[PDB]
file start08.txt (compact mmCIF, C-alpha atoms)
# COMPACT_ATOMS: atom_id res chain seq x y z
CA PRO A 519 18.28 -36.46 101.23
CA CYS A 520 18.09 -38.19 104.63
CA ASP A 521 15.30 -40.03 106.42
CA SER A 522 13.53 -38.47 109.40
CA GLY A 523 15.94 -38.28 112.32
CA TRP A 524 19.13 -38.31 110.23
CA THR A 525 21.36 -35.39 109.29
CA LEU A 526 23.04 -34.57 105.98
CA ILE A 527 26.79 -34.34 106.55
CA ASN A 528 28.37 -32.26 103.78
CA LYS A 529 31.89 -33.68 103.65
CA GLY A 530 33.35 -35.98 101.04
CA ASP A 531 30.45 -37.46 99.14
CA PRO A 532 27.72 -36.09 101.44
CA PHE A 533 26.09 -38.80 103.54
CA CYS A 534 23.53 -39.11 106.35
CA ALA A 535 24.48 -39.65 109.98
CA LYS A 536 22.69 -40.02 113.29
CA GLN A 537 23.75 -40.15 116.91
CA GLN A 538 21.92 -43.31 117.94
CA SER A 539 22.50 -43.22 121.71
CA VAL A 540 23.61 -40.97 124.54
CA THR A 541 24.60 -44.01 126.63
CA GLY A 542 28.02 -45.63 126.51
CA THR A 543 27.54 -48.74 124.37
CA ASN A 544 29.93 -51.56 123.49
CA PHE A 545 31.07 -52.34 119.96
CA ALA A 546 28.83 -55.26 118.98
CA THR A 547 25.77 -53.62 120.55
CA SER A 548 26.55 -50.36 118.73
CA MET A 549 26.90 -52.10 115.36
CA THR A 550 23.75 -54.18 115.87
CA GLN A 551 21.69 -51.15 116.99
CA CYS A 552 22.83 -49.19 113.88
CA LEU A 553 22.08 -52.17 111.61
CA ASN A 554 18.58 -52.40 113.10
CA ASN A 555 18.09 -48.69 112.29
CA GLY A 556 18.77 -49.19 108.58
CA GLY A 557 22.35 -47.94 108.82
CA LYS A 558 25.91 -48.92 109.71
CA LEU A 559 28.60 -47.75 112.09
CA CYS A 560 30.41 -44.91 110.33
CA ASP A 561 33.89 -45.58 108.98
CA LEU A 562 37.01 -43.54 109.75
CA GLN A 563 36.54 -40.86 107.08
CA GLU A 564 32.85 -40.43 107.90
CA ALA A 565 33.80 -39.88 111.54
CA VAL A 566 36.43 -37.33 110.50
CA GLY A 567 33.91 -35.56 108.27
CA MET A 568 31.24 -35.42 110.97
CA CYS A 569 33.88 -34.00 113.33
CA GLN A 570 34.94 -31.35 110.80
CA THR A 571 31.31 -30.35 110.20
CA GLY A 572 30.63 -29.82 113.90
CA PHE A 573 27.91 -32.49 113.81
CA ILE A 574 29.84 -34.39 116.51
CA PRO A 575 30.19 -32.29 119.70
CA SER A 576 33.70 -31.45 120.86
CA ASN A 577 35.43 -34.11 122.97
CA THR A 578 33.20 -37.02 121.88
CA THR A 579 34.35 -40.65 121.39
CA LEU A 580 32.52 -43.00 118.96
CA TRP A 581 33.08 -46.52 117.57
CA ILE A 582 34.25 -46.58 113.95
CA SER A 583 33.77 -49.60 111.72
CA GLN A 584 37.39 -50.84 111.63
CA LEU A 585 38.76 -53.70 113.75
CA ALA A 586 42.02 -53.23 115.71
CA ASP A 587 42.33 -57.06 116.00
CA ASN A 588 40.19 -60.23 116.47
CA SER A 589 38.87 -58.95 119.83
CA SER A 590 39.24 -55.16 119.58
CA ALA A 591 37.83 -52.28 117.57
CA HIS A 592 38.88 -48.72 116.79
CA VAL A 593 37.40 -45.60 118.35
CA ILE A 594 37.70 -42.04 117.08
CA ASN A 595 37.81 -39.08 119.46
CA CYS A 596 36.77 -35.69 118.10
CA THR A 597 37.99 -32.54 119.85
CA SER A 598 38.16 -28.94 118.57
CA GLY A 599 37.67 -30.18 115.01
CA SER A 600 40.60 -32.61 115.03
CA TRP A 601 40.38 -36.39 115.27
CA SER A 602 42.47 -38.96 117.14
CA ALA A 603 42.39 -42.75 117.01
CA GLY A 604 42.31 -45.40 119.72
CA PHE A 605 41.14 -48.96 120.21
CA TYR A 606 39.36 -51.01 122.85
CA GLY A 607 38.08 -54.49 123.50
CA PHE A 608 34.61 -55.14 122.11
CA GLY A 609 33.09 -54.95 125.60
CA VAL A 610 34.47 -51.55 126.62
CA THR A 611 31.84 -48.81 126.87
CA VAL A 612 33.83 -45.83 128.24
CA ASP A 613 36.91 -44.25 126.62
CA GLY A 614 38.45 -42.36 129.53
CA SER A 615 36.23 -39.38 130.28
CA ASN A 616 34.02 -40.11 127.25
CA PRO A 617 31.35 -42.80 126.98
CA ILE A 618 31.72 -44.41 123.56
CA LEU A 619 28.56 -43.37 121.65
CA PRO A 620 27.13 -45.29 118.66
CA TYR A 621 26.87 -43.19 115.50
CA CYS A 622 25.19 -44.60 112.38
CA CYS A 623 25.89 -43.55 108.80
CA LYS A 624 24.10 -44.35 105.55
CA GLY A 625 23.83 -43.11 101.99
CA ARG A 626 21.71 -40.34 100.56
CA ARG A 627 18.13 -41.19 99.64
CA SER B 517 24.98 -38.68 81.34
CA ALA B 518 28.57 -38.49 82.56
CA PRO B 519 29.45 -41.21 85.11
CA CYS B 520 31.73 -38.96 87.18
CA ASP B 521 32.27 -35.38 88.20
CA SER B 522 34.59 -33.37 85.99
CA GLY B 523 38.17 -34.14 86.99
CA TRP B 524 37.24 -37.69 88.05
CA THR B 525 37.63 -40.90 86.04
CA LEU B 526 35.49 -44.04 85.88
CA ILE B 527 37.33 -47.17 87.06
CA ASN B 528 35.64 -50.34 85.72
CA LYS B 529 36.57 -52.77 88.56
CA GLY B 530 34.02 -54.17 90.94
CA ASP B 531 31.07 -51.83 90.86
CA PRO B 532 32.61 -49.07 88.68
CA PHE B 533 33.55 -46.04 90.77
CA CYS B 534 35.06 -42.58 90.23
CA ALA B 535 38.71 -41.87 91.12
CA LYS B 536 40.92 -38.73 90.87
CA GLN B 537 44.59 -38.04 91.77
CA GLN B 538 44.54 -35.18 94.35
CA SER B 539 48.29 -34.30 94.20
CA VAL B 540 51.64 -35.29 92.57
CA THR B 541 53.55 -34.49 95.81
CA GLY B 542 54.04 -36.71 98.90
CA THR B 543 51.32 -35.91 101.45
CA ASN B 544 50.68 -37.19 104.95
CA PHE B 545 47.58 -39.21 105.84
CA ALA B 546 45.52 -36.55 107.63
CA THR B 547 46.08 -33.95 104.92
CA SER B 548 45.35 -36.55 102.23
CA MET B 549 42.00 -37.40 103.84
CA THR B 550 41.07 -33.76 104.50
CA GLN B 551 41.81 -32.77 100.90
CA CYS B 552 39.77 -35.68 99.57
CA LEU B 553 36.86 -34.79 101.89
CA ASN B 554 37.11 -31.18 100.71
CA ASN B 555 37.05 -32.33 97.07
CA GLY B 556 33.72 -34.14 97.43
CA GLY B 557 35.22 -37.60 97.90
CA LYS B 558 37.23 -39.78 100.26
CA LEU B 559 40.42 -41.81 100.28
CA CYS B 560 40.17 -44.92 98.13
CA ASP B 561 39.96 -48.13 100.14
CA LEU B 562 42.11 -51.20 99.47
CA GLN B 563 39.97 -52.71 96.70
CA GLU B 564 39.53 -49.37 94.93
CA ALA B 565 43.32 -48.98 94.84
CA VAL B 566 43.68 -52.54 93.54
CA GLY B 567 41.14 -51.77 90.82
CA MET B 568 42.87 -48.54 89.83
CA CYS B 569 46.17 -50.44 89.62
CA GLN B 570 44.73 -53.30 87.56
CA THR B 571 43.07 -50.84 85.16
CA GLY B 572 46.25 -48.81 84.67
CA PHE B 573 44.78 -45.53 85.95
CA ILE B 574 47.53 -45.86 88.58
CA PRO B 575 50.90 -46.03 86.76
CA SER B 576 53.48 -48.64 87.66
CA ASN B 577 55.51 -48.02 90.83
CA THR B 578 52.97 -45.86 92.67
CA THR B 579 52.48 -45.66 96.44
CA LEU B 580 49.20 -44.25 97.74
CA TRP B 581 47.32 -44.07 101.03
CA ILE B 582 44.26 -46.23 101.57
CA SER B 583 41.45 -45.63 104.05
CA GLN B 584 42.43 -48.30 106.63
CA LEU B 585 44.35 -47.63 109.82
CA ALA B 586 47.22 -49.93 110.75
CA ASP B 587 47.23 -48.83 114.39
CA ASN B 588 46.20 -45.69 116.29
CA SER B 589 49.23 -43.87 114.85
CA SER B 590 49.59 -45.43 111.39
CA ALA B 591 47.70 -46.00 108.16
CA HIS B 592 48.14 -48.46 105.32
CA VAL B 593 49.58 -47.65 101.91
CA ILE B 594 49.34 -49.64 98.69
CA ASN B 595 52.15 -49.91 96.15
CA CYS B 596 51.29 -50.69 92.52
CA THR B 597 53.94 -52.19 90.23
CA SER B 598 53.56 -54.08 86.93
CA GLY B 599 49.84 -54.50 87.52
CA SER B 600 50.28 -56.07 90.97
CA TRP B 601 49.73 -54.62 94.44
CA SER B 602 51.44 -54.86 97.82
CA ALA B 603 50.49 -53.50 101.23
CA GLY B 604 52.53 -51.50 103.70
CA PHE B 605 51.90 -49.05 106.50
CA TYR B 606 53.37 -45.81 107.78
CA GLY B 607 52.90 -43.22 110.48
CA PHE B 608 50.38 -40.46 109.86
CA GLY B 609 53.01 -37.73 109.48
CA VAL B 610 55.01 -39.73 106.93
CA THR B 611 54.97 -38.44 103.35
CA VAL B 612 57.53 -40.75 101.67
CA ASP B 613 57.72 -44.52 101.09
CA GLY B 614 61.38 -45.23 100.40
CA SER B 615 62.12 -43.60 97.05
CA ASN B 616 58.38 -43.12 96.27
CA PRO B 617 56.18 -40.26 97.50
CA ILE B 618 52.92 -41.27 99.15
CA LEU B 619 50.36 -39.71 96.76
CA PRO B 620 46.73 -38.94 97.68
CA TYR B 621 43.98 -40.49 95.55
CA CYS B 622 40.27 -39.92 96.19
CA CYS B 623 37.30 -42.15 95.33
CA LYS B 624 33.53 -41.75 95.25
CA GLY B 625 30.44 -43.48 93.93
CA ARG B 626 29.54 -43.50 90.26
CA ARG B 627 26.83 -40.95 89.47
CA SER C 517 12.82 -52.00 89.13
CA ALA C 518 14.89 -54.74 90.73
CA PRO C 519 17.16 -53.68 93.61
CA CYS C 520 19.84 -56.24 92.72
CA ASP C 521 21.20 -57.80 89.56
CA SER C 522 20.46 -61.38 88.54
CA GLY C 523 22.13 -63.62 91.11
CA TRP C 524 22.48 -60.98 93.84
CA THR C 525 20.22 -60.87 96.89
CA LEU C 526 18.99 -57.78 98.70
CA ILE C 527 20.16 -57.89 102.34
CA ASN C 528 17.72 -56.01 104.66
CA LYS C 529 20.31 -55.17 107.34
CA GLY C 530 21.97 -51.82 107.86
CA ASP C 531 21.93 -49.84 104.65
CA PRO C 532 20.24 -52.54 102.51
CA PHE C 533 22.72 -53.84 99.98
CA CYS C 534 23.15 -56.50 97.29
CA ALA C 535 25.26 -59.57 98.03
CA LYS C 536 26.33 -62.79 96.34
CA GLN C 537 28.23 -65.93 97.32
CA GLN C 538 30.93 -66.18 94.66
CA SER C 539 32.06 -69.79 95.20
CA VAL C 540 31.32 -72.86 97.32
CA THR C 541 34.93 -73.94 97.91
CA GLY C 542 37.74 -72.36 99.90
CA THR C 543 39.28 -69.42 98.05
CA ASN C 544 42.24 -67.34 99.15
CA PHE C 545 42.05 -63.58 99.71
CA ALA C 546 43.52 -62.40 96.39
CA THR C 547 41.48 -64.75 94.20
CA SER C 548 38.36 -63.84 96.18
CA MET C 549 38.98 -60.13 95.61
CA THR C 550 39.72 -60.70 91.92
CA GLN C 551 36.55 -62.75 91.39
CA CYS C 552 34.45 -60.08 93.09
CA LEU C 553 36.12 -57.25 91.15
CA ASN C 554 35.62 -59.13 87.87
CA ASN C 555 31.92 -59.77 88.61
CA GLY C 556 30.85 -56.21 89.40
CA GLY C 557 31.49 -56.04 93.13
CA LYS C 558 33.96 -56.12 96.02
CA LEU C 559 34.62 -58.27 99.06
CA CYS C 560 32.03 -57.49 101.71
CA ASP C 561 33.12 -55.51 104.75
CA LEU C 562 32.70 -56.31 108.44
CA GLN C 563 29.21 -54.87 108.93
CA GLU C 564 27.95 -56.34 105.65
CA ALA C 565 29.03 -59.80 106.82
CA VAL C 566 27.46 -59.22 110.25
CA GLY C 567 24.20 -58.20 108.58
CA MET C 568 24.24 -61.14 106.17
CA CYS C 569 24.66 -63.44 109.18
CA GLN C 570 21.95 -61.76 111.26
CA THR C 571 19.44 -61.93 108.39
CA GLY C 572 20.22 -65.61 107.80
CA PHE C 573 21.70 -65.05 104.33
CA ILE C 574 24.97 -66.51 105.63
CA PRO C 575 24.21 -70.04 106.87
CA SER C 576 25.27 -70.95 110.38
CA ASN C 577 28.89 -72.09 110.78
CA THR C 578 30.27 -70.20 107.77
CA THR C 579 33.64 -68.44 107.53
CA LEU C 580 34.19 -65.75 104.91
CA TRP C 581 36.76 -63.13 103.99
CA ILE C 582 36.06 -59.47 104.64
CA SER C 583 37.66 -56.41 103.04
CA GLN C 584 39.77 -55.34 106.03
CA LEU C 585 43.47 -56.21 106.44
CA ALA C 586 44.85 -57.58 109.76
CA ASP C 587 48.38 -56.65 108.58
CA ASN C 588 50.34 -56.29 105.30
CA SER C 589 50.17 -60.09 104.73
CA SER C 590 46.94 -61.11 106.47
CA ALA C 591 43.26 -60.28 106.11
CA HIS C 592 40.41 -60.63 108.56
CA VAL C 593 37.72 -63.31 108.32
CA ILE C 594 34.30 -63.43 109.95
CA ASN C 595 32.78 -66.68 111.17
CA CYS C 596 28.99 -66.74 111.52
CA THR C 597 27.46 -69.36 113.79
CA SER C 598 23.97 -69.19 115.23
CA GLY C 599 23.14 -65.49 115.08
CA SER C 600 26.59 -64.37 116.21
CA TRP C 601 29.92 -63.51 114.61
CA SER C 602 33.59 -63.84 115.52
CA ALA C 603 36.71 -62.36 113.94
CA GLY C 604 39.90 -64.10 112.87
CA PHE C 605 42.83 -63.32 110.62
CA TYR C 606 44.69 -65.40 108.05
CA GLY C 607 47.42 -64.94 105.49
CA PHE C 608 46.42 -64.09 101.94
CA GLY C 609 47.06 -67.66 100.75
CA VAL C 610 44.96 -69.43 103.39
CA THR C 611 41.93 -71.38 102.17
CA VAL C 612 40.46 -73.08 105.28
CA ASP C 613 39.57 -71.69 108.73
CA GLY C 614 39.93 -74.63 111.09
CA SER C 615 37.58 -77.09 109.40
CA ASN C 616 35.61 -74.29 107.71
CA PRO C 617 36.39 -73.35 104.10
CA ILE C 618 36.92 -69.62 103.65
CA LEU C 619 34.24 -68.65 101.15
CA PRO C 620 34.25 -65.48 99.01
CA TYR C 621 31.25 -63.15 99.22
CA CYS C 622 30.79 -60.08 97.03
CA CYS C 623 28.81 -56.99 98.02
CA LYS C 624 27.64 -53.90 96.16
CA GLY C 625 25.13 -51.08 96.32
CA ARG C 626 21.49 -51.45 95.35
CA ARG C 627 19.69 -49.73 92.44
call {"tool": "encode", "arguments": {"input": "start08.txt", "output": "structure tokens"}}
result
Amino acid sequence: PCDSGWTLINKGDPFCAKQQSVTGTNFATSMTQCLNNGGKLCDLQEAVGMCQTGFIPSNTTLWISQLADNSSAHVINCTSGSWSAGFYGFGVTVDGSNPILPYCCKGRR
Amino acid sequence: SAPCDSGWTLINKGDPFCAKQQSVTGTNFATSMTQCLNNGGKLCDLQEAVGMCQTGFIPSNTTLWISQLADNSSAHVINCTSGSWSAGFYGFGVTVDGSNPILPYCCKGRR
Amino acid sequence: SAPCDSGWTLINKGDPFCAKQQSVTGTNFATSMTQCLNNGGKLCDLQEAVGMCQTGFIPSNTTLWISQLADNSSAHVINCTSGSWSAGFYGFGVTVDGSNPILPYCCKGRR
């Protein structure tokens, strides 16, 4: 159901996700990279589903698609299956001990 | 040739989608989302709730979670009354909006 | 077959999706959402607007609503100029962003 390099996440309506980088990347760069790879930054529920599946490693922070304000965006941290929310300015690349990784999601093919 | 899974209902607003009421009891945000994800769907976003209210699939005077955070600790709810909608927000652990219970509704794509 | 319906354009950015400018004059948030819902779609989200700007579908110096709320009374807008985007927020009844009319854009899934 997913293109080469993507993974079928079986939560909600199953979708396809991919960790796009191992480097800490800012918000706009994350979104643009994912858009160039035929996908989008995952929303809140897709992040929660990937965390519940174990697809996202424990204690990992990623940018989700929601804005916190005109100059900030929300991050989701995944640890031991549970999710927590935060936000940062568009230019931030490191959420405490975790570099903020870009994760792309897209529909089933 | 059914447009939805059994237990789900086609809402003809925007691109028609499939909605289902998960529970009749007030439920917090995290449990709402987890139950929707475990029922093959996800929490309805703002426009899906507006469509379900305009169609009448959501009865008058109904408060339900939507899939947008209000801050790191809160999420938005939508109240539906007399065919019109209004937005509010509440902490994750909250299960009640005034006299109304915050009910979980799930949405997914038309099949 | 055709990826989009008559009037809608396939946007080749992110998950490729069908889009349509719903009006040429400033429209408030609620009327924008209602027009989109009544014409088979919904207000585009943040990444859909960013893609439409990066592909050139959105002309330069264009402000449009998106589907996210900034609070219970306001919604976010995206302005596209050159290849780049910026985020603002305005009350539901606002029609103009500075000297830019707030235009409604509808988005939906392909095929």
call {"tool": "closest_atom_pairs", "arguments": {"input": "start08.txt", "of": "chain B", "to": "chain A", "cutoff": "8 Å", "atoms": "only C-alpha atoms", "output": "tab-separated table"}}
result
residue	atom	partner	partner_atom	distance
B:549	CA	A:563	CA	7.2
B:552	CA	A:530	CA	6.6
B:553	CA	A:530	CA	3.8
B:554	CA	A:530	CA	6.1
B:555	CA	A:530	CA	6.5
B:556	CA	A:530	CA	4.1
B:557	CA	A:530	CA	4.0
B:558	CA	A:530	CA	5.5
B:559	CA	A:563	CA	7.9
B:583	CA	A:563	CA	7.5
B:584	CA	A:584	CA	7.5
B:585	CA	A:584	CA	7.9
B:586	CA	A:586	CA	7.9
B:587	CA	A:586	CA	6.9
B:588	CA	A:603	CA	4.9
B:589	CA	A:603	CA	7.3
B:624	CA	A:531	CA	6.6
B:625	CA	A:531	CA	8.0
call {"tool": "write_last_selection", "arguments": {"input": "start08.txt", "atoms": "C-alpha atoms", "output": "PDB file, in the frame of the given file"}}
result
ATOM      1  CA  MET B 549      42.000 -37.400 103.840  1.00  0.00           C
ATOM      2  CA  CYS B 552      39.770 -35.680  99.570  1.00  0.00           C
ATOM      3  CA  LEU B 553      36.860 -34.790 101.890  1.00  0.00           C
ATOM      4  CA  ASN B 554      37.110 -31.180 100.710  1.00  0.00           C
ATOM      5  CA  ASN B 555      37.050 -32.330  97.070  1.00  0.00           C
ATOM      6  CA  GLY B 556      33.720 -34.140  97.430  1.00  0.00           C
ATOM      7  CA  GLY B 557      35.220 -37.600  97.900  1.00  0.00           C
ATOM      8  CA  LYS B 558      37.230 -39.780 100.260  1.00  0.00           C
ATOM      9  CA  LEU B 559      40.420 -41.810 100.280  1.00  0.00           C
ATOM     10  CA  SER B 583      41.450 -45.630 104.050  1.00  0.00           C
ATOM     11  CA  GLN B 584      42.430 -48.300 106.630  1.00  0.00           C
ATOM     12  CA  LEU B 585      44.350 -47.630 109.820  1.00  0.00           C
ATOM     13  CA  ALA B 586      47.220 -49.930 110.750  1.00  0.00           C
ATOM     14  CA  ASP B 587      47.230 -48.830 114.390  1.00  0.00           C
ATOM     15  CA  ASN B 588      46.200 -45.690 116.290  1.00  0.00           C
ATOM     16  CA  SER B 589      49.230 -43.870 114.850  1.00  0.00           C
ATOM     17  CA  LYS B 624      33.530 -41.750  95.250  1.00  0.00           C
ATOM     18  CA  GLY B 625      30.440 -43.480  93.930  1.00  0.00           C
TER      19      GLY B 625
END
call {"tool": "atom_distance", "arguments": {"input": "start08.txt", "atom1": "CA of residue 534 (chain B)", "atom2": "CA of residue 548 (chain C)"}}
result
22.3 Å
call {"tool": "interface_residues", "arguments": {"input": "start08.txt", "of": "chain B", "to": "chain C", "cutoff": "6 Å", "atoms": "all atoms listed in the file", "output": "ChimeraX atom specification"}}
result
/B:529-531,603-604
call {"tool": "residues_around", "arguments": {"input": "start08.txt", "residues": "region 540-551 of chain A", "least_positions_apart": "6", "cutoff": "10 Å", "atoms": "all atoms listed in the file", "output": "PyMOL selection string"}}
result
(chain A and resi 557-560+579-583+585+590-593+606-613+616-622) or (chain C and resi 529-530+562-563+566-567+570+600-601)
call {"tool": "write_last_selection", "arguments": {"input": "start08.txt", "atoms": "C-alpha atoms", "output": "compact mmCIF listing (two decimals), keeping the file's coordinate frame"}}
result
# COMPACT_ATOMS: atom_id res chain seq x y z
CA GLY A 557 22.35 -47.94 108.82
CA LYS A 558 25.91 -48.92 109.71
CA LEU A 559 28.60 -47.75 112.09
CA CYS A 560 30.41 -44.91 110.33
CA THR A 579 34.35 -40.65 121.39
CA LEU A 580 32.52 -43.00 118.96
CA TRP A 581 33.08 -46.52 117.57
CA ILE A 582 34.25 -46.58 113.95
CA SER A 583 33.77 -49.60 111.72
CA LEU A 585 38.76 -53.70 113.75
CA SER A 590 39.24 -55.16 119.58
CA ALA A 591 37.83 -52.28 117.57
CA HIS A 592 38.88 -48.72 116.79
CA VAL A 593 37.40 -45.60 118.35
CA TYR A 606 39.36 -51.01 122.85
CA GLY A 607 38.08 -54.49 123.50
CA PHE A 608 34.61 -55.14 122.11
CA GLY A 609 33.09 -54.95 125.60
CA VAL A 610 34.47 -51.55 126.62
CA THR A 611 31.84 -48.81 126.87
CA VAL A 612 33.83 -45.83 128.24
CA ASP A 613 36.91 -44.25 126.62
CA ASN A 616 34.02 -40.11 127.25
CA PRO A 617 31.35 -42.80 126.98
CA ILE A 618 31.72 -44.41 123.56
CA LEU A 619 28.56 -43.37 121.65
CA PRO A 620 27.13 -45.29 118.66
CA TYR A 621 26.87 -43.19 115.50
CA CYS A 622 25.19 -44.60 112.38
CA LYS C 529 20.31 -55.17 107.34
CA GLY C 530 21.97 -51.82 107.86
CA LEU C 562 32.70 -56.31 108.44
CA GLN C 563 29.21 -54.87 108.93
CA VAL C 566 27.46 -59.22 110.25
CA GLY C 567 24.20 -58.20 108.58
CA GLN C 570 21.95 -61.76 111.26
CA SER C 600 26.59 -64.37 116.21
CA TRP C 601 29.92 -63.51 114.61
call {"tool": "residues_near_point", "arguments": {"input": "start08.txt", "point": "(24.0, -33.3, 105.5)", "cutoff": "10 Å", "atoms": "all atoms listed in the file", "output": "PyMOL selection string"}}
result
chain A and resi 519-520+524-529+531-535+568+571+573+626
call {"tool": "atom_distance", "arguments": {"input": "start08.txt", "atom1": "CA of residue 595 (chain A)", "atom2": "CA of residue 613 (chain B)"}}
result
27.6 Å
call {"tool": "atom_distance", "arguments": {"input": "start08.txt", "atom1": "CA of residue 544 (chain C)", "atom2": "CA of residue 592 (chain C)"}}
result
11.7 Å
call {"tool": "axis_aligned_box", "arguments": {"input": "start08.txt", "around": "region 589-606 of chain A", "padding_each_side": "4 Å", "output": "JSON"}}
result
{"center_x": 39.6, "center_y": -43.9, "center_z": 118.9, "size_x": 13.7, "size_y": 38.0, "size_z": 15.8}
call {"tool": "residues_around", "arguments": {"input": "start08.txt", "residues": "residue 594 (chain B)", "least_positions_apart": "5", "cutoff": "6 Å", "atoms": "all atoms listed in the file", "output": "PDB file with C-alpha atoms, in the frame of the given file"}}
result
ATOM      1  CA  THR B 579      52.480 -45.660  96.440  1.00  0.00           C
ATOM      2  CA  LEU B 580      49.200 -44.250  97.740  1.00  0.00           C
ATOM      3  CA  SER B 602      51.440 -54.860  97.820  1.00  0.00           C
ATOM      4  CA  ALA B 603      50.490 -53.500 101.230  1.00  0.00           C
TER       5      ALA B 603
END
call {"tool": "residues_near_point", "arguments": {"input": "start08.txt", "point": "(41.5, -41.7, 91.0)", "cutoff": "6 Å", "atoms": "all atoms listed in the file", "output": "ChimeraX atom specification"}}
result
/B:535-537,621-622
call {"tool": "closest_residue", "arguments": {"input": "start08.txt", "among": "B:616, B:611, B:517, B:577", "to": "residue 547 (chain B)", "atoms": "only C-alpha atoms"}}
result
B:611
call {"tool": "closest_residue", "arguments": {"input": "start08.txt", "among": "B:528, B:533, B:564, B:582", "to": "residue 619 (chain B)", "atoms": "only C-alpha atoms"}}
result
B:582
call {"tool": "decode", "arguments": {"input": "start08.txt", "residues": "region 614-625 of chain B", "atoms": "N, CA, C and O atoms", "output": "PDB file, in the first residue's frame"}}
result
ATOM      1  N   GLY B 614     -19.644  22.460  30.511  1.00  0.00           N
ATOM      2  CA  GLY B 614     -20.807  23.019  31.181  1.00  0.00           C
ATOM      3  C   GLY B 614     -21.781  21.925  31.567  1.00  0.00           C
ATOM      4  O   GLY B 614     -21.471  21.041  32.372  1.00  0.00           O
ATOM      5  N   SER B 615     -22.978  21.975  30.987  1.00  0.00           N
ATOM      6  CA  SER B 615     -23.995  20.959  31.221  1.00  0.00           C
ATOM      7  C   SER B 615     -23.931  19.814  30.221  1.00  0.00           C
ATOM      8  O   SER B 615     -24.617  18.805  30.415  1.00  0.00           O
ATOM      9  N   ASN B 616     -23.132  19.946  29.165  1.00  0.00           N
ATOM     10  CA  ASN B 616     -22.971  19.000  28.070  1.00  0.00           C
ATOM     11  C   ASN B 616     -21.754  18.112  28.292  1.00  0.00           C
ATOM     12  O   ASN B 616     -20.712  18.588  28.754  1.00  0.00           O
ATOM     13  N   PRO B 617     -21.861  16.822  27.972  1.00  0.00           N
ATOM     14  CA  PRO B 617     -20.679  15.956  27.969  1.00  0.00           C
ATOM     15  C   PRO B 617     -19.962  16.035  26.631  1.00  0.00           C
ATOM     16  O   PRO B 617     -20.578  16.116  25.567  1.00  0.00           O
ATOM     17  N   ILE B 618     -18.632  16.025  26.691  1.00  0.00           N
ATOM     18  CA  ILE B 618     -17.810  16.131  25.487  1.00  0.00           C
ATOM     19  C   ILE B 618     -17.734  14.736  24.869  1.00  0.00           C
ATOM     20  O   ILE B 618     -16.998  13.870  25.347  1.00  0.00           O
ATOM     21  N   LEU B 619     -18.518  14.510  23.779  1.00  0.00           N
ATOM     22  CA  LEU B 619     -18.669  13.202  23.159  1.00  0.00           C
ATOM     23  C   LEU B 619     -17.626  12.984  22.067  1.00  0.00           C
ATOM     24  O   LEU B 619     -17.247  13.925  21.360  1.00  0.00           O
ATOM     25  N   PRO B 620     -17.151  11.747  21.916  1.00  0.00           N
ATOM     26  CA  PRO B 620     -16.164  11.456  20.871  1.00  0.00           C
ATOM     27  C   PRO B 620     -16.793  10.984  19.568  1.00  0.00           C
ATOM     28  O   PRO B 620     -17.520   9.985  19.536  1.00  0.00           O
ATOM     29  N   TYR B 621     -16.516  11.709  18.486  1.00  0.00           N
ATOM     30  CA  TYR B 621     -16.926  11.323  17.141  1.00  0.00           C
ATOM     31  C   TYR B 621     -15.689  11.074  16.288  1.00  0.00           C
ATOM     32  O   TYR B 621     -14.688  11.789  16.408  1.00  0.00           O
ATOM     33  N   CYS B 622     -15.760  10.059  15.429  1.00  0.00           N
ATOM     34  CA  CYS B 622     -14.644   9.658  14.588  1.00  0.00           C
ATOM     35  C   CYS B 622     -15.020   9.825  13.121  1.00  0.00           C
ATOM     36  O   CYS B 622     -16.177   9.622  12.734  1.00  0.00           O
ATOM     37  N   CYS B 623     -14.030  10.194  12.306  1.00  0.00           N
ATOM     38  CA  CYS B 623     -14.232  10.385  10.877  1.00  0.00           C
ATOM     39  C   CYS B 623     -13.188   9.604  10.090  1.00  0.00           C
ATOM     40  O   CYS B 623     -12.111   9.280  10.600  1.00  0.00           O
ATOM     41  N   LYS B 624     -13.523   9.299   8.839  1.00  0.00           N
ATOM     42  CA  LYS B 624     -12.582   8.662   7.926  1.00  0.00           C
ATOM     43  C   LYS B 624     -13.061   8.879   6.497  1.00  0.00           C
ATOM     44  O   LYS B 624     -14.178   9.349   6.253  1.00  0.00           O
ATOM     45  N   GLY B 625     -12.186   8.548   5.551  1.00  0.00           N
ATOM     46  CA  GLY B 625     -12.494   8.781   4.156  1.00  0.00           C
ATOM     47  C   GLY B 625     -13.561   7.837   3.637  1.00  0.00           C
ATOM     48  O   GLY B 625     -13.664   6.681   4.048  1.00  0.00           O
TER      49      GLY B 625
END
